[PDB]
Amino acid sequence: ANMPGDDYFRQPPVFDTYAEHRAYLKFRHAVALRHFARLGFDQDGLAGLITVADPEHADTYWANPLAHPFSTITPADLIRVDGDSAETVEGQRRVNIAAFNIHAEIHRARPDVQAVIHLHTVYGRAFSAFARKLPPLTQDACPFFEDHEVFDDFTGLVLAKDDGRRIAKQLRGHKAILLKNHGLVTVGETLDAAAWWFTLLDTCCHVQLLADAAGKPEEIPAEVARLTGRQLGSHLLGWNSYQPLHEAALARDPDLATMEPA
């Protein structure tokens, strides 16, 4: 309505060639893993995965390889994985096939999505144990209002594609899904937006848990939550919100910063 004008926010970049787009994505992919490591989302052993669709090779995805610590990962460590077979088509190492099954099915169900993020975190795990939608407790939780789901089954590791299919079906067109008794998944039209939604979702889980422990807080009414969610929950806002996180992660590691593509 009285939202800022067209030129207020920065726009996601567009690239001439697939190779230029790919170099940009692999760098942002590595930086996002460094950002998540610094938040402590790298402690979960082999559980964490970020997939980014290759712009040129349909139905193949860049991924962090099994067991590589997020804190040291570089673009050259990323592997490209075939969606259907989960086989590595570029690189030597394998992906986490269970996590990858979930991601590939989400990617297949969501052609609009460039990136899927699933990391095992403390606040995310704890909140997921309630099998409950994230309430619109504060303005910052409103981007998820009427735009996330709870996957209300838990059948162990997703070793059958059918489990991935069921998760993707429950996600529908939403930005996030809570795997009950498991943890958070976010998606985005860009890696940047996906990584912002993940960061924000974990912080919202933290806030909700603490407020519930401390007393009986009041949530924002639906009508205001929905308005606020429209204001703050768009791809453009998510992409823009991620930028200082990317930049801050660069400033922290001069070595990674030097690998930024021309």
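Numbering starts at 1 and runs along the sequence shown.
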Could you settle it for me: does 114-122 or 77-85 have the higher average Cα B factor in the PDB entry? 77-85
Could you settle it for me: does 164-172 or 141-149 have the higher average Cα B factor in the PDB entry? 164-172
Deposited CA B-factor, highest of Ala129, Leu157, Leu184, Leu134: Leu157
In terms of recorded Cα temperature factor, pick the maximum from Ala58, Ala37, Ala193, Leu49. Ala58
Can you work out whether the C-alpha temperature factor of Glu247 puts it in the lowest, middle or highest third of the chain? lowest
What third of the chain does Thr17 rank in for C-alpha temperature factor, lowest, middle or highest? middle
Chain thirds by Cα B factor, record data; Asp54 belongs to the middle
Sorting by Cα B-factor within the chain, modelled residues only, which third would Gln43 end up in: lowest, middle or highest? highest
